[PDB]
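> Next input, structure requested:
(19 chains, ligands or ions: 8)
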Amino acid sequence: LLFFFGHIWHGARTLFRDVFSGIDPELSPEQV
Amino acid sequence: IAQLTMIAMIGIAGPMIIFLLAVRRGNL
Amino acid sequence: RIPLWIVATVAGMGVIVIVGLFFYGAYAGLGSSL
Amino acid sequence: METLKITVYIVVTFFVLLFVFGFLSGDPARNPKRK
Amino acid sequence: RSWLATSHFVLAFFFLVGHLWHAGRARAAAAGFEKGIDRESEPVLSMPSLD
Amino acid sequence: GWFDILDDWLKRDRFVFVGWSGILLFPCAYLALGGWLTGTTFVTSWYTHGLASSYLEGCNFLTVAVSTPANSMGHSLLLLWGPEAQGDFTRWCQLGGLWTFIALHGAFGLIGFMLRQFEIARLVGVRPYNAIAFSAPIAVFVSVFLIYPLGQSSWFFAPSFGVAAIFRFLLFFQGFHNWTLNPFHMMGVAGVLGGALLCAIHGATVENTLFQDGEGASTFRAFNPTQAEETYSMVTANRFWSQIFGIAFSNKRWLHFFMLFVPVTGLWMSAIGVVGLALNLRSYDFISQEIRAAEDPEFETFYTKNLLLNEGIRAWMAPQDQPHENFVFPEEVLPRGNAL
Amino acid sequence: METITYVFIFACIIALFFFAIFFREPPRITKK
Amino acid sequence: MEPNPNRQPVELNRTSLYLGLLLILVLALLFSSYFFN
Amino acid sequence: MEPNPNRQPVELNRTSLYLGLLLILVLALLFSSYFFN
Amino acid sequence: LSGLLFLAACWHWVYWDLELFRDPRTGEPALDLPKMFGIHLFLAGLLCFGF
Amino acid sequence: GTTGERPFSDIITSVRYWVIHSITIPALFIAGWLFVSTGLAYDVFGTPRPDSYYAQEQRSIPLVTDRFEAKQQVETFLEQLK
Amino acid sequence: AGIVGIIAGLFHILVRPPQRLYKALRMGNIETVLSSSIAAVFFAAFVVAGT
Amino acid sequence: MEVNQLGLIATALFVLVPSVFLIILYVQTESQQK
Amino acid sequence: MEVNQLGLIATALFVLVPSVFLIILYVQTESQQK
Amino acid sequence: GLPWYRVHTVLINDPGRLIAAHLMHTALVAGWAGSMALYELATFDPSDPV
Amino acid sequence: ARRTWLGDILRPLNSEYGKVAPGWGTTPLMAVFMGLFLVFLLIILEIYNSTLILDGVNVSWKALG
Amino acid sequence: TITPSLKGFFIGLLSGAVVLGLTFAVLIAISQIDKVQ
Amino acid sequence: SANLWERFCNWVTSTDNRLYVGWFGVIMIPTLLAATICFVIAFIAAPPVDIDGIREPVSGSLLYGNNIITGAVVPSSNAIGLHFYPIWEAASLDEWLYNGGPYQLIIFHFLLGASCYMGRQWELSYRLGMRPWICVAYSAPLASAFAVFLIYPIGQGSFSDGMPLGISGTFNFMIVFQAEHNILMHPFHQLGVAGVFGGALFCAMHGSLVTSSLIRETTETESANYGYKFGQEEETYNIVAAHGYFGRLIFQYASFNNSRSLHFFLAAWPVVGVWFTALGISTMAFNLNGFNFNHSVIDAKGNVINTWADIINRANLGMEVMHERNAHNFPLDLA
Amino acid sequence: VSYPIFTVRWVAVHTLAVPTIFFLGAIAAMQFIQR
Ligand code: CLA
Ligand code: CLA
Ligand code: CLA
Ligand SMILES: CC1=C(/C=C/C(C)=C/C=C/C(C)=C/C=C/C=C(C)/C=C/C=C(C)/C=C/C2=C(C)CCCC2(C)C)C(C)(C)CCC1
Ligand SMILES: CC1=C(/C=C/C(C)=C/C=C/C(C)=C/C=C/C=C(C)/C=C/C=C(C)/C=C/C2=C(C)CCCC2(C)C)C(C)(C)CCC1
Ligand SMILES: CC1=C(/C=C/C(C)=C/C=C/C(C)=C/C=C/C=C(C)/C=C/C=C(C)/C=C/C2=C(C)CCCC2(C)C)C(C)(C)CCC1
Ligand SMILES: [Cl-]
Ligand SMILES: [Fe+2]
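Residues are numbered from 1 along each chain as shown, chains lettered A, B, ... in the order given. Ligands and ions are numbered 1, 2, ... in the order given. Shown next is the protein structure:
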């Protein structure tokens, strides 16, 4: 049950390596 | 037996005294 | 066009009625004690 | 034991007096601006 | 005795809150910052650092 | 390629975002909520617990529930088309098939939902710290509604979906597991209670350290939706708590991570404790205490007092709480104090 | 022995409290 | 040998020490009772 | 406050660590028997 | 076996900059994960079978 | 701040909506009502009627005691006029 | 499973990962091997705890 | 009383070792020039 | 056997505490720039 | 520099020192197994398997 | 860098770094074994849970000796 | 061979595939109706 | 000297003190110091206390066989009830410690100081020119201490029924409470956990959302916290990117975009919820208990068809029947 | 604008709205059952 978190954590840190350390400008949201 | 007749009138009375004012348009 | 404030106040009372019916059923239906 | 009662009573009176005479001493004044 | 006691305690309590609330605003209203800290003249920034 | 066209459609910015996750989320989530609302009003718990559990029988919002299956079922998945129900729907209902329905479905619904968090975050290009946080509620549901009964005799001893049906789950764990005396549980409430403090104290701190950005008293309008300057004086807040409490934040980035850590860590600790309760590896007693209590009839602590409460809970509840055991406790064997 | 251990840890936490409050890192503004 | 260019320095601020020590101590104050049992 | 100008840095080289640890360990290996008695 | 793995760990620590870990193309450290997995998986199944 | 969907405000206000829903909404209500009042709900979910919890004399509970022959055992419980 | 493991092994030694996948599962990034391994590890763990 | 013998050292090591770890880091951090 | 109960923790603290002291110093020395 | 919970990120792209690390771990786990057995053999009583 | 006897022999095995297959490569074929694996697990699960009974398999301490 | 519970398994394995089918069927269809860029 | 007293008032009110000893502080600091010192000494070395007034001393101190988890400061005797029992009301300290003397000295000093602590949370805010109402948020946890230490004893007619000062002693207070009041089936308590669960929920909500939407200013191998400096002008996180995400998690209009409307909700929810849970204990202090659905649903013949509410009642009976063994002589527990 | 009628939102809304009232009607009828 503890290792589940490790999976979720490292999984996230892999697919979100770019946005790690923070994000950056632009202002798009509610318009495709 | 069924005094729900009372409530009904006194209940719709509230919104009425301001609905009539939405008709005569003034002082809301 | 039906004024919003009328839609709410009507649907409002409509909720108080059905919910109030439930509270009545607590003293009459199977959920009673008599 | 009857002494302790006196002592405590005196002590409590002290701080309570400090409290009342405190806010009395123009407390609303004590603030950044309007006073 | 149960109905009255409980009812009037809830009211009494909330009124003590009502007190704190309205007394706290009145002190801030009078001195004049009940609407936010002055961006320019920020009082804290004029006090020596305790650190 | 049809895939990228399928993708295109799913990831379209609608009112209610679907996404790939939605293919798993919405079906389960709807059936879970639906299954509950169904059983809550119609399905009974007579043949499984000897209990009325629906509005149709006379139960109210508090006393209604979707009760667990019988102890006879074991850890059976209780499929509608399984050996038990045998395709029959009515039988399926009467055997508490709706419980495993809600449980398993809702379980996948929680998987899909976190996936949604992951998927949406990626698209918007934000960090997935919302998904990390949501792991704590998962662990709880998994440990309590799945792992725990999997360690017991059957699904019967899992928490039944219902208001009152959860209250007995609390009292049970007290009486049988002495759950309050468990260190993992203590950390649990410490996180939740402490988390409900951070929530309160931070909100109040901000609202009462705000800058004046308007001429009205209702300062809500006076907020700039487009970032720029800080809406509240972080510097004033620091000096405040530094003088009333002695300690104070001074780094919004840490302050907010702390608001993530505390409640998520707490729920995780409470999960581990429950995982141990599955094997009944509880924190029931203190051996040093019992040994003195045996030899010395005058030694009494608030700990000994509580255990006596537990014995009462077990003895008076077990008969109607565990029907499958056919318990029969004579009046003379029932542990009782004086007069009462 | 047990009592000693309990009071010791407690005394250590109170000691920490002191240093945490009066021997913290001075919170410096802007130029940090 | 060549100085390994993959290493960075390690850091632990004063608060982190305090926050750390607070965690360790209170955990010990929580589990000591069960350790003595 | 004024930064106290009486302070110097403290130093302990790698050997001193080794020589130290060697002293502590062998002392423990010597006195442990008498500690258990 | 623990003692041997210990000594080996030391060797692999001091002699970290083996060419085997450097990619011929980019000249920088790189590991071809997909092929590695295949190798290991082959060894695993081979050892699994024998067992 | 907007998407394709027609703003709820407009729809809940449109006369056409109510012309539709003054029919649809009560229809479902009366339907749900009939579902209970006709006793159909009792059979769809095997929920016992007020006079179907016990037998006249019997005071025991129809507890299912085995998983595989449960369905058969349940039917046997309905047999004793329960 | 051993034989299947031997076969599967040979496959991953020869056939290369599809561009779509290599991009998706961020291959050539060892911190994704961990995410998957851990996932398999706790999966196996939940099983042995049950058996 | 009738407590656990290992309770003492279990509590002692539970405090020191991780606290020691921290202090080692803090002091080595503190002593970094500039 | 019939040894001293405090013998274990006495030996444990006799090792850790002074060794810990050294390590704290070495690591804080090691981490000094230039 | 690096936070305490990040000290091992020093290996993310250093195959040599990463193998050295995994080697040390494996050594500890193998070390435990052997020595944990000795502990059991020093305390286990075979006098009665019943 | 540092070449070694063993290192050179293992050089080929580690060189095809960024090498990927084009397009959706073997993905559809993989998705079939995946679907087969999912059903495979579901079978041995429902067998263990006695949801899937088979005359010949007795999921108890019996059927042993 | 082919026991009642095994027959039920196929029924659940088949009725499940259907749900997956019809779901993806509708999806692939509607998806390829509007997505202009 | 401009004037001793004038200077004194200036030192007290001074905002240049490391700890703001206010006018409320003049009462707070002494009372809190008396409470804590007496507590610490009691918790460690106090002798057994005859809480139920039935000459059956309950030891709750470390030196007397307790540990942190079991140890507690035992409430005053039931023979004292609501009578005021200061040290100078006892023939000796031995008697004072036997009748649960310390308990009153602590709770009275604490509640007094803890009230002044709230008063001070206004004062400093006033001296610093910031808005008040922070103390209003602290009124909720305070009102709970009041309810648990003062209101419930007043209602029940004795301080012996106030919550003990200890871990296990607190558990006893709950279990017994549940038996006699059925607190789980009371709206105010339910609202309490709603605020508390919601609190922890929202605390994690806000916490995560904000920290996940931080503007990048840090290295890949550098703490993301350093990307903020104490005393910034602009914000350290993209609240517009935060709203964009959470707005898509559920649906736009069910998401906050106003930081001020956010933090108000963040503060309002738990405080209001705990306010009710505090009013719950204060209401059930006059025996206005939770819902009693015992033997509600019955069949056509009259047989009692049990619900989960009945299963709860059985557990409650066990607690009732077993609590305070030798304290009862009569059938009904009306005290 | 020329808004559509049947949308994904419409579907979702109805999956909850339609059963709800059907249940609200059912429950409302239960209030008259007796013995
Ligand atoms: C994608 C959404 C989704 C998911 C994941 C689930 C998941 C589940 N549902 Mg479910 N359900 C859904 C949508 C979903 N549902 C919808 C929309 C409805 C409304 C119609 C239902 C109605 C429903 C009911 C009424 C019941 C379930 C049940 C279940 C559970 C057991 C079902 C089972 O055995 O799976 C079987 C898994 C499969 C069939 C997947 C197979 C996929 C492969 C790739 C296809 C291969 C087919 C091929 C012929 C195989 C050839 C092999 C050869 C050897 C023959 C499971 C948790 C049961 C339950 O909760 O029991 C307590 C139950 O009784 N569902
Ligand atoms: C499968 C094994 C495995 C491996 C190889 C890693 C590897 C890594 N993790 Mg990790 N992790 C794992 C499992 C694993 N994790 C699990 C199961 C969890 C869930 C609890 C986590 C949660 C986690 C978090 C939350 C973080 C990492 C981070 C990291 C990276 C830096 C590690 C570091 O410097 O920490 C050094 C850690 C310490 C110096 C303190 C450790 C003290 C521990 C808690 C006390 C107990 C020690 C004891 C001997 C452990 C017994 C082992 C047990 C399994 C038998 C590194 C790549 C970090 C990262 O990505 O950096 C950005 C990070 O923030 N991990
Ligand atoms: C020469 C190699 C070797 C051999 C023969 C043994 C032999 C043994 N070890 Mg051992 N060990 C070794 C190396 C070895 N060890 C090393 C290097 C380590 C350090 C990591 C250990 C650490 C270790 C521990 C900690 C323990 C043992 C134990 C044991 C004993 C019981 C083994 C057992 O139950 O298996 C256990 C079987 C498994 C764990 C199965 C693992 C299979 C996994 C789950 C599959 C992995 C996924 C796979 C890649 C999927 C693809 C496969 C494909 C076919 C589909 C046995 C005497 C135990 C004992 O009694 O102590 C003496 C024990 O507790 N070992
Ligand atoms: C009759 C009579 C009488 C009386 C009179 C009076 C005094 C009356 C009053 C009346 C009134 C005074 C009424 C009122 C009413 C009200 C109401 C009925 C309301 C309702 C509300 C609602 C429904 C709301 C809604 C909403 C919502 C829900 C949400 C938000 C929005 C809104 C707000 C819209 C007398 C004595 C002479 C006797 C004789 C007869
Ligand atoms: C189980 C099952 C299923 C499912 C089903 C479904 C899905 C259903 C749904 C259902 C639903 C979906 C229902 C609903 C219901 C609802 C309701 C019944 C509600 C109510 C409400 C109310 C009552 C409200 C109240 C309130 C509140 C809450 C707040 C405040 C105010 C008021 C008072 C208003 C299927 C077939 C698939 C399969 C088989 C089995
Ligand atoms: C070098 C060498 C050698 C030697 C070797 C040796 C001597 C080894 C040893 C090794 C060892 C002897 C190892 C051991 C290890 C151990 C370990 C690694 C352990 C660990 C443990 C743990 C980690 C635990 C934890 C815990 C606790 C504490 C409590 C709570 C629970 C738990 C379980 C978590 C020889 C001569 C042969 C040869 C060649 C060279
Ligand atoms: Cl008691
Ligand atoms: Fe905030």
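> ok, residues contacting the helix or strand that residue S:11 is a member of?
Using DSSP states H and E, residue S:11 sits in helix S:8-30. With C-beta atoms under 8 Å, 6 or more residues apart in numbering or on different chains as the test, helix S:8-30 has contacts from C:18, C:21-22, C:25, C:29-30, F:14-16, F:18, F:30, F:34, F:37, F:41, F:55-56, K:5, K:25, K:28-37, K:41. Bear in mind the C-beta positions are built from the backbone N, C-alpha and C, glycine included.
> does it come close to ligand 1?
No. Judged by C-beta under 6 Å from any ligand atom, helix S:8-30 makes no contact with ligand 1; its nearest approach is 11.2 Å.
> If you count neighbours, what's buried in that helix?
S:8-9, S:12, S:19, S:21-30 (16 or more other C-beta atoms under 10 Å in any protein chain shown).
> Would you mind putting those residues into a markdown table with distance to residue Q:13 alongside?
Formatted as a markdown table, the buried residues of helix S:8-30 follow (distance: C-beta to C-beta, whole Å):
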| residue | distance to residue Q:13 |
| --- | --- |
| S:8 | 30 |
| S:9 | 34 |
| S:12 | 30 |
| S:19 | 29 |
| S:21 | 36 |
| S:22 | 32 |
| S:23 | 32 |
| S:24 | 37 |
| S:25 | 37 |
| S:26 | 34 |
| S:27 | 37 |
| S:28 | 41 |
| S:29 | 40 |
| S:30 | 39 |
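> Going by distance to residue Q:12, which of the residues you listed wins?
residue S:19 (24.9 Å; C-beta to C-beta).
> mind checking how far the closest one is from ligand 3?
46 Å (C-beta to the nearest ligand atom, to the nearest Å).
> Next: residue F:235.
In terms of C-beta to the nearest ligand atom, residue F:235 sits 53 Å off from ligand 3.
> Make sure that residue is indeed in a helix.
Yes. Judged by DSSP: H, G, I helix; E, B strand; the rest coil, residue F:235 forms part of a helix.
> ok, it - contacts?
E:42, E:44-45, G:29, R:230-231.
> 6 Å instead, please
E:44, R:231 (C-beta atoms under 6 Å, 6 or more residues apart in numbering or on different chains).
> how near is it to residue F:86?
71 Å (C-beta to C-beta, to the nearest Å).
> Residue H:17 now?
For residue H:17 relative to residue F:86 (C-beta to C-beta), the value is 65 Å.
> Show me which of the two is the more surrounded one.
residue H:17 (21 against 18; other C-beta atoms under 10 Å in any protein chain shown).
> any idea which helix or strand carries that one?
helix H:14-36.
> Is chain E within reach of that helix?
No. Helix H:14-36 does not reach chain E (C-beta under 6 Å from any C-beta of the partner chain); its nearest approach is 12.8 Å.
> in that helix, what counts as buried?
For helix H:14-36, by 16+ other C-beta under 10 Å, it's H:15-18, H:20-21, H:24-25, H:27-36.
> go on, stretch J:26-39?
Neighbour-count burial for stretch J:26-39 [16+ other C-beta under 10 Å]: J:29-39.
> Now do the closest residue to chain E within the stretch 51-200 of chain F against residue F:264, distance only.
Residue nearest to chain E within the stretch 51-200 of chain F: residue F:200 (14.4 Å; C-beta to the nearest C-beta). In this structure, residue F:200 and residue F:264 are 18 Å apart, going by C-beta to C-beta.
> the more surrounded of these two?
residue F:200 (28 against 24).
> Residue R:270 is in contact with the more buried one, correct?
Yes. With contacts counted by C-beta atoms under 6 Å, residue F:200 reaches residue R:270, the gap being 4.2 Å.
> Nearest spatial neighbour of residue K:18, chain-adjacent residues omitted?
residue C:2 (6.6 Å; C-beta to C-beta, 6 or more residues apart in numbering or on different chains).
> what residue is smack in the middle of chain J?
The residue lying closest to the centre of chain J (C-alpha atoms, centre = their mean) is residue J:36, at 8.2 Å.
> Tell me where the stretch 1-150 of chain R has strands.
Assigned strands in the stretch 1-150 of chain R, in chain order: R:72-73 (criterion: DSSP state E, counting those that start in this stretch).
> In it, which residue sits nearest chain M?
For the stretch 1-150 of chain R, C-beta to the nearest C-beta, closest residue to chain M: residue R:65, 6.5 Å.
> Greatest separation within the buried residues of stretch J:26-39: which pair is it?
J:29 and J:38 (20.7 Å).
> Residues of chain E that sit close to chain J?
So chain E never meets chain J (C-beta under 6 Å from any C-beta).
> Just want the most central residue of chain E.
residue E:24 (2.9 Å).
> my read: that residue touches residue R:132, true?
Yes. If you go by C-beta under 6 Å, residue E:24 and residue R:132 touch, sitting 3.0 Å apart.
> Could you tell me which residues touch both of these two?
With C-beta under 6 Å, 6+ apart as the test, residue E:24 and residue R:132 both reach residue R:122.
> Pull up the gap between whatever residue of chain J ends up closest to ligand 4 and chain R, please.
With C-beta to the nearest ligand atom as the measure, residue J:33 is the residue of chain J nearest to ligand 4, at 58.5 Å. Separation of residue J:33 from chain R (C-beta to the nearest C-beta, to the nearest Å) stands at 20 Å.
> Run through the residues that contact the residue nearest in space to the middle of chain A.
Centroid check for chain A by C-alpha atoms, centre = their mean gives residue A:16 as the closest residue, at 3.8 Å. Residue A:16 makes contact with residue F:128 under the criterion C-beta under 6 Å, 6+ apart.
> The residue nearest to residue F:86 when sequence neighbours are not counted: what secondary structure?
In this structure, residue F:86 finds its nearest non-sequential neighbour in residue K:71, 5.6 Å apart by C-beta to C-beta, 6+ apart. With three-state DSSP as the basis, the three-state label of residue K:71 is helix.
> Pull the number of nearby residues for the residue of chain A found nearest chain B.
The minimum distance from chain A to chain B, using C-beta to the nearest C-beta, falls at residue A:30 (33.9 Å). Using other C-beta under 10 Å, residue A:30 is surrounded by 13 other residues.
> okay but it is in contact with residue F:124, surely?
No. Between residue A:30 and residue F:124 there is no contact under C-beta under 6 Å: 11.0 Å.
> Next, give phi and psi for residue R:304.
phi -90, psi 120 (degrees, to the nearest 10).
> Contact partners for residue M:33?
N:32-33.
> roughly how far is stretch A:24-31 from the heart of the chain?
On the basis of C-alpha atoms, centre = their mean, to the nearest Å, stretch A:24-31 is displaced by 17 Å from the centre of the chain it belongs to.
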